[PDB]
Every structure is written in structure tokens, then in C-alpha cells.
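Colleague: sequence-free structure coming up:
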Ligand SMILES: NS(=O)(=O)c1ccccc1Cl
Ligand SMILES: NS(=O)(=O)c1ccccc1Cl
Ligand SMILES: Nc1ccc2n[nH]cc2c1
């Protein structure tokens, strides 16, 4: 009687991505002895069986044994002039120069090896294997590329490499150590006041250490010195003590110091940071972190000699790639725009679709004319029209692009083309434009926000076109010509008598500009306001911050308006890095705009604050029209100036090589970097070797050794990490989460496959540092192959940025934006945060015996057990502070519902969120949600012990932090809107439109007053809990 | 008169009535403007609609009609669920298809080394033509070509796996193109039955 006896006849009971890309083709793990077909100059294939982990020294030296039996020997030179070579899974013929490499790490396709002699006696150059390893594609794959844009980028972008490398040897070796160990420093020297108030009105207890022969021994020399003190002075007061005796006068001790003083610099104990320059000990992050955490710095006097004997020189050298028509100016062509649409092929659809047609529009991001569709013809079943557009050629703006698609009676396959060559040339001729499938849940008809260019997949709907030919090669005009036209149109302006511009007065409509100057990027501007703005453009120059709105007010399909804007922008005054970033989203494509934006960054963007926003800045490369461009030369330089940038710059590109829309642009960039970066290439290639071993191990677990209990999986885990190729590969390298940290020597004792079904690995290495005792002896992190990290990556970024906007507005909410890095297609590393457990783990550890209920006070009781005594108060504060900051951020970003298994509480009483899920309230808009709900459990801890906990004095002070913090973010809403906007490039399903980012606007309620915003907040915070939140 | 969400819900087109204290969201793109009660109010509204508005650069709908139940959401969302799992099949297969092509590229190239090796023995078989050493030498050649046979036959097997995979691929893309417009109709007639909280389907 359950389903009205109705049968379901269909019901029979019966990543990314699949098995392959391992040690042999379609294999994963090659068995421990393998049969390898060897080939020679003879024609004589012997067939050595050999060990999977065996070096190529061996297989050679035991083939130059095993040959002396097989036929036609006597013609094989001293093996000392001979090299192996085979085909790899990325089908390339790879001469195997390094022969200390093991058979398993060759990434062969079939197990065979041809033998040969070394051609092109420049093995030394043919180690840009190392480059291809890092980049994850062969370098030769660039060499055989037709596009001159590419072969140029490669040859041209070496300017920057060379110029950067000379900047490193400018004051060798100090300069080299600034490159290799740049200071880790908050961007303002001034210290916030809640930090100050731990310091005896401006003093810190330090501890300098030193190792003198027999070295066995190490010696404290604890000081107490000013927070604003530089390291050079802290070197002195360290030596001062160590030196002082009853046999040194203060005259003789001053001389003894100054001489010993210069010879040393300060390291941090247990990890590789170095305070190498004039900055307050406070401005370094390790100190200001020690201050706050309740810790005594453990620095270390390192001899300069012994640091300088780590750094090797660059040895940078150019690669082998080292070696009219007049023109028609765009503006002379008397014509309109006509682009011919011929024939597509390959299109997938007869019965259910009625008809199909090629829709096209000209673009800037927004539309410069009535785009028009072509008549429908032979729908399905396999056009030839010159198609006429409503724009005069000369009005075409420089970043003008044709966007196209093929649509149904919904779309089918989209594409776009730059109307100009990277050489400022207007395109004429016939184009074959291979199309991209529509992104899942693109309901719009054309994709102009999409990437510029054809597909590199041949096997896709191609579409043939012809671009009007105007009797000659047509170029965009030089500034010389664009300037003149501005100054002409200006004086032609000054002489009519009628109302409308779209008058050297002023007024105080003057301030109805400044009103606009403060609105957020997504506050849509009205046509009247456009005309308002465009008309007073010459006044706007006293309010630079208005420029983004002005530029959106310009009519880019009038070359008149654009010529004049070009000239404003020429010597517009620099604006703040936080604003100029807006000017490199998809809404601003023009080269002069973007150039300006880059100058702003060259000028006023700290190596610190670049490091903070490096992810945005890299996603923005994608929206650039051409390969070479100012923003790349900018970032490539910074990357080569400052290894801590380069490091993440390299991972941030590498992580996205899988994604074939960027592949070439990024690979090519990565190649530039890997050639010029120096010895780091060797450290990266060790990181890269490691991550590959981890991916291939997790893959075996995920899709072969499923089930097999835990215990069988874990016997197979330890077996593998015992093997010598793994011990080689996973043991002496830098943490990509932070390469300051060194990993050395796996502790397999403590390595395990976490419980989750994506088989995350918990890895724990020794900390090889010489003073590891004072920091941590066991660095451990989580390698998770399965989930896509780059959303988590971002919310943690955003969370980090809030924490700063708080601190440096004096407002100590302590968030824990733990470390997370995407390093490939759904593959990453997540920092472990030691001594933390989930609220649900707390509920089991205090859960009284047989199962009835946990108890709401078990959390608050659990904290007392940790924080006993005078500390208790402090540990409640921490909870209360963190619990606020997370309550605000989580509401603001709209991240997925917090529950017991995704909140964590540390032993010291700090609370922090993990596994955030979708950020901007992605699919639950099918509203105004509060994802972190303060249950009783927390409320108790906040109101120490109280019953009827909603109305305590503690809880009101908690609400006060929330109100102050929410408003703090709101004041800086611009930044977040942009940070979000720049990330439209990355393929994140949570971010496809600006109207996605919408949510953050409702959330902060920018359209209302802040009175109304607060009260919006209070309301929503009241709505979530029912009780509390009325004032 | 009375008898952000704009930019979201106005998905395509040319008239909209929001809330100067009100706002018009129509020409080109999705263009917006507003003035206070300055010159009639809601009868000059009827004018711009079809004629003039030449006091500006270019001069050039609501309510619900067209015929209450849950019904559609199980259709909509469990047709979506297929579209979604078809994006995944689509997705896998695409990555699978190139995985093959570049695995054929492996074969094609692998072979050329074994073709070059039959020929490296060809040269050295000719160059050194007792009748035992010749037979041993004749045998090692025999493996080459019976090995090469398998390599090529292996390639072919993949090559035809690629054809099925290609046809099977294209067919997923085919079936999604029927689902898209079907799936949009069902979302639009969901948002009209929204017009008429309570919810509970
Ligand atoms: N059309 S095609 O891709 O050249 C082709 C057709 C049939 C068989 C092999 C190939 Cl590569
Ligand atoms: N480059 S190498 O010496 O062959 C090597 C191989 C495997 C692991 C580490 C290293 Cl340094
Ligand atoms: N010290 C610094 C740090 C960052 C800089 N950008 N441009 C010049 C700079 C100097």
C-alpha cells in the first residue's frame, strides 16, 4: 500500500577524470620489474627486464654488459659516448640527458628505449627539459608555432628578464639575498593600538640566539628593546651583551661592537625568513605575530658569510630565439563596417530544432551598435552574406572586438575576434574561427565577456569569415594624430548656443559629481549622469577617483569623445592601487586606460600588497587583448625581482595550464619566468616532482583501491612511500604553501589517508632547520586530490583582507585564514592548523556515556578544561572576538550553511570556519541568508556561564563588535566588489556575471544609508535567531 | 501609475517600471534615466513608449496573462539534473577524447622509431649477408615486424574507440540543444506561477 502497487520497470541497480597520466600509458603504477625493449644503432632489440625504480646509469651499464652476447657487437663505442631516448605520454621524443633519473619517473608511453649519440653538443642548453618539466609541457611545442604574435612575445619579453636579472646583481650579494629572501613586512610602519598595549609603552622582550664552536651549544641573549627598533640596532644590543666583561671598558666595548656588528644578520628560528633591511622589528610580520600570539621572538645571529654561501649566481643567458606598404590610417577609410559570414560545419542538432543562424555584434564589453543577425538559411543540414553594421570604420575604438555565435529556434557555439592585430592593424582577409561550447548555464545569446580568439581544438564547429579589404594595410593612428584631433574637437566645441553636451562655470552641482565619485562599481550610472560627467570631464581632474565612472560614460563609438579621453588619461593624476585595479577588469579593455592602471601600480603598490592581490592580477591577464602588454611585463618583472612573488606567480599559472583557453598565454609566460628566475627553477622542479608523485598515488587510491577497507589502503600507502623513488621525490623540498618552510624527511609513522572519500593525504615531514625546536619540529599539511580548491582559496583571501581592514582600523577581530593553494585541476594543499577540533568532535569527547544527548555546555566546559585561571577570561575574549569577525564575514560573503562539522574551535579558544562551499549564495536563490547561526552552545561561551544568555552584558559587547566590523567592511565595499569583479575570468561557476556579485551589494546594502544598512544587519541577525538584536 | 533585480530579471528584449524617485530601463543595451515631477507625469510616459523622445540621443511590458500547481518544478529540476549529468558526460568525454588523440600521437610517433628500426636492421642485414648466424639474425628481425604488427593493431583499436567516442560525444551535445530551450520555457512559466512565504510547492 506504499506506492499504489505501481512498478518501475526501468530500475535495474547497475572525477576528474580517468586512468592514464602515470608511470606508463594507462597504467598508474608500473609493476616492480618490467620488460623494456631496448633498440640500438645495430637494429638489434635486446629486451632487458629491469627494476621499475632503477636508474638509467644502471640500465645502460647493464645493457653495455648484455650486448656483448647478442649479435653484431664490436661496433658500440665506450658507453661514455651514448644516450637513451623514447616517447612520453605527452607524445614527444625525449633525449634522456640526466641518467640519474629512474625508469618510473620518465613518464614513458610504452616501455622501450632507443639508443643514440648526443646531437647538438649543448646538453647544457638542452636542459630546458627542466623548463618543460616545470611548465608541464615541452618547450619545443612553442618552437613549432606559426602565429607571429607568439614567436614575438617569446623574443620580445626577454627585455624584462634581462633587465630584472641585472637589477639582482646591482649590489651583489645583498641584492641577490633581497631577491631570494625578501623582507616579509606589513605595508605601514605604524603599529595599531591594541598591539601597542602589550609593550610597556613601546618595548618587546626578544631572544637573540647564536651558535659558536663546538656548535653543539646554542646561547640565549634575551633583550628588551623598542618596538620601532631596526635589526641593525638589535644586532648591536645582542653583541653588547655577549661581549661585556670586567676587562672591557665601555670605550673598549664600543670598538669591539662596531667591528663585530656588520658581520651578522637576523634569521627567524626554525624557518627561512630574514630581516634584511631598515624596518621596525614591528613592521616584520613574525614579530607583530609574536606580539599578538603572546610570544617571545626567537631570532638568530647568522654570519653574512654563511648566508651568502647559500646563494648561487643567476648564470642567465638568452635562448636560441635571438634573431612596408607605408599604411592607411584608420580614419581615412570612408566606409561602414561589413564582415562576410560564409560557412560553418560540424553543428550538432532536424526534428526538434526549427532553424539556426549566425548572430554577430561589435563590442567593447558593452555594445557600440545595433548588432545584426543574418537571415536563417538551410537550418541544420550543413550563408554567404556581406553583413552591414552601423558604425563608421574610423569610429572603431582600438580595443574593438567582433563577437559571434550560432543560435536556435538558445545558442550553440560562440567565438570572438579582435578587430585589430596585435600590431595596431585592422584585420582584412578570411578567418577560420573555431568555436567554444557555451558555458554551463549561459542563458544569454552571445559571449563577449568570453575569451578572445579561436579554439585550439580543431575538432569543433569552425566558422569561415571574410573581413573587408580597403585597398591597403590599414593601421590605427599614432598618438600624434589622435592628440591633434582632440585639440581640434576641443576648440570646435567652444562656439555654439544650445543646451546639450554628452560653459566654464563651476556651480555646486560640482558636489553632485563628488556623490558619484563615492558610489560602488556596480551602482549603475544613468544616461543623464553620463552626459553630466562627460560634459564636466575637464573638472573631474581635481577628483581623480571619479575616472572609472567617467570612462564608462565615454561613447567609444565616437572617436571624437575617445580622442579627448585619450588626452585626459595621458596626464590624469595617479589614483590608489585599490581603484586602478577596477581599471583592469573586463569592463575596461582600452590600452591607454589599462596602461594608466599599470602605472598606478608601478608607482604606489607595495611588494606586500601586490603579494596580497596576486591572484586577481593573474586572472586579469586573461582579459588582455594581446600576449605582450604592460600588465604582463609588470607582473613578470615583480616576479623576477622578489622570489616570494615569483613563487606564487608560478604556481598560480601552472595550476591553470589544464584549462586550454589560457594554456598558451600562460605556458609562454611561465617559460619567460623559468628561464630568467635562476636557481629557484631547481626548487620548483622539486616541488613539481613531488606533487606529481602525490597525484599519481592518490589516483590509485581513488579509482582502483576503493573499498579495500581503510587498513588495505593504508598498507598500500606505506608500502609506496617506503619505495626509493618516493623517498627521493617526496623528501627534500619547499612547502608550496609557504617556501619559507622546508620539508625534509617524511615521518611515515605519522602519514595517513584521512577519512574523506576523495582520499586526502595527511603528510608530516621533519623540519630540517637547525633551530627547529624554537618553532615547530614537525611541519604537516594535507594534499587533497578531488575537490576544486580555488573557491576556498578565494574566500580565505577575502577573509584575510577583512582581518587587515579591521586591525589597521583598530578593531581586533581575530580570523584564521588558514593556508590553501590550488596546484592543478581540482588538486591542492591545505595547511594543517594544530590543536583544533570541530564542534562535533568537542561533543563526543565530553558526551556522557550511552547515547541520550550531548549537552549545550560541553563546549563551554571543554574550554574551561583548557583555559584555567586568569587565562579563562582571555580565552573567552578570543572566542568572542573570532566568533564575531566570522559572524560578519560569513553573512557578508554568504558562504554555505555553517554546521557542527564545519566550525572549528582551537584549545586556546579561537573559533574558525573551514570547507566554505559556494560563496555568493550560489544556488539557494531559487534569500538574504545568515549562514552562521549562533546556537545556544556558542552563546553560553560568549556570556561566560549564564542561563538566559541572550541578554547578558557580554553578549551586548559582542553585538557592538559585530556592528563596528560590518560597518568597517562597508566603508571599504569598493575593494571587494573589484576583487570579485577581477575574478570573472577564472572558470568558477559561482562567478560568471556581475549580477552574481550582486549578492554582496544587498548584503552590505550600499543603495541604502548606513543607518538603514545597520538596521538591515540587525533585522537579518534578528530574523536568524528569533531572540536578540533590537537597538 | 500603479494600475538591480531589473538587470537580473530583464533577461532580454524594452519598457520597465521601477520603484527622480522612479527609473526607466529600456535604443541600445539596457539604458536608464530619471527626473522628478517636472513636466503630466503618467501620460508623457505613454509618449516615449512609441513616439519621439528626440530631446535626447536616440528617440527610437508587465502584468501577467497567457493562461496553480507544483508539477513543473519536478519536471524543471529533474530535467535540469539530466542536463547537469549530461554536462558531466560531455565534460569527461571531451577530456577523454583529447586523451585519446594525444595517445594516438604517442602511437604514430612510437611506430616511426620501430619503422626506423626495421630499416636500421634492413641496412645491417644487407651489409652483412655461418648459415646458423644468419638464421639467428633472421629471427630477431622476425620479432620486430610481429611486434610492430601488435603496435599498429593496438593503435587501430584506439582509433575506432575514438570514432565511437567522437560520435557518442557529438550526440551528447546534440541532446543538450533540445533540453536548453525546453528547460527555459519551464523556468518562465514557473515565474508566472510565482506571481500569484506560503510556498511548500
Ligand atoms: N576529417 S578527418 O578529421 O580528417 C578524419 C576523417 C576520417 C578519419 C580520420 C580523420 Cl583524421
Ligand atoms: N635531479 S636528480 O638528481 O636526478 C633527482 C632525482 C630524484 C629526486 C631528487 C633529485 Cl635531486
Ligand atoms: N622598496 C620598494 C618597494 C616597492 C616598489 N615599487 N616601485 C619601487 C619600489 C620600491
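Modeller: Perfect, I can see it now. Numbers count the residues shown, from 1 in each chain, chains lettered A, B, ... in the order given. Ligands and ions are numbered 1, 2, ... in the order given.
Colleague: Tell me the residue of chain B that sits nearest chain A?
Modeller: Going by Cβ to the nearest Cβ, chain A is nearest to residue B:121 of chain B, at 2.7 Å. All C-beta spots, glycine's among them, are computed from the backbone N, C-alpha and C.
Colleague: That residue: how many residues sit nearby?
Modeller: By other Cβ atoms under 10 Å in any protein chain shown, the residues close to residue B:121 number 21.
Colleague: again with residue A:992
Modeller: Applying the criterion other Cβ under 10 Å, we find 16 residues in the vicinity of residue A:992.
Colleague: Tell me if I'm right that it and residue A:985 touch.
Modeller: No: counting by Cβ atoms under 8 Å, no contact exists between residue A:992 and residue A:985, whose distance comes to 10.7 Å.
Colleague: circling back to that earlier point, contacting residues around the residue lying closest to the residue of chain B closest to chain A once chain neighbours are set aside?
Modeller: On the basis of Cβ to Cβ, 6 or more residues apart in numbering or on different chains, the spatially nearest residue to residue B:121 that is not a chain neighbour turns out to be residue A:43, at 2.7 Å. Contact criterion Cβ atoms under 8 Å, 6 or more residues apart in numbering or on different chains gives A:72, B:117, B:118, B:120, B:121, B:122, B:123, B:124, B:125, B:141, B:144 as the residues in contact with residue A:43.
Colleague: out of all of them, which helix in chain B is the longest?
Modeller: What stands out as the longest helix in chain B, according to DSSP state H, is helix B:131-188.
Colleague: Give me the distance from that one to the chain's centre.
Modeller: Centroid displacement of helix B:131-188 relative to its chain, using Cα atoms, centre = their mean, to the nearest Å, is 24 Å.
Colleague: hmm, it touching chain A?
Modeller: Yes: counting by Cβ under 8 Å from any Cβ of the partner chain, chain A has neighbours in helix B:131-188: B:133, B:136-137, B:140-141, B:143-144, B:147, B:151, B:166, B:170-171, B:173-174, B:177-178, B:180-181, B:184.
Colleague: for ligand 2, what are the nearby residues on chain A?
Modeller: Counting by Cβ under 6 Å from any ligand atom, chain A comes close to ligand 2 at A:98, A:100, A:101, A:728, A:729.
Colleague: Can I get these in a markdown table including secondary structure?
Modeller: Supplementary listing: the residues of chain A next to ligand 2 in a markdown table, determined by DSSP: H, G, I helix; E, B strand; the rest coil:
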| residue | secondary structure |
| --- | --- |
| A:98 | coil |
| A:100 | coil |
| A:101 | coil |
| A:728 | helix |
| A:729 | helix |
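Colleague: What sits closest to the residue of the stretch 1-150 of chain A found nearest ligand 2 if chain neighbours are left out?
Modeller: Minimum separation of the stretch 1-150 of chain A from ligand 2 (Cβ to the nearest ligand atom) falls at residue A:100, amounting to 3.8 Å. Among residues not flanking residue A:100 along the chain, residue A:55 sits closest, at 5.9 Å (Cβ to Cβ, 6+ apart).
Colleague: Can you name the residues that contact that neighbour?
Modeller: Contact partners of residue A:55, counting by Cβ under 8 Å, 6+ apart, are A:99, A:100, A:101, A:102, A:103.
Colleague: Can you flag the buried ones in these?
Modeller: Buried subset of those (neighbour count, 16 or more other Cβ atoms under 10 Å in any protein chain shown): A:101, A:102, A:103.
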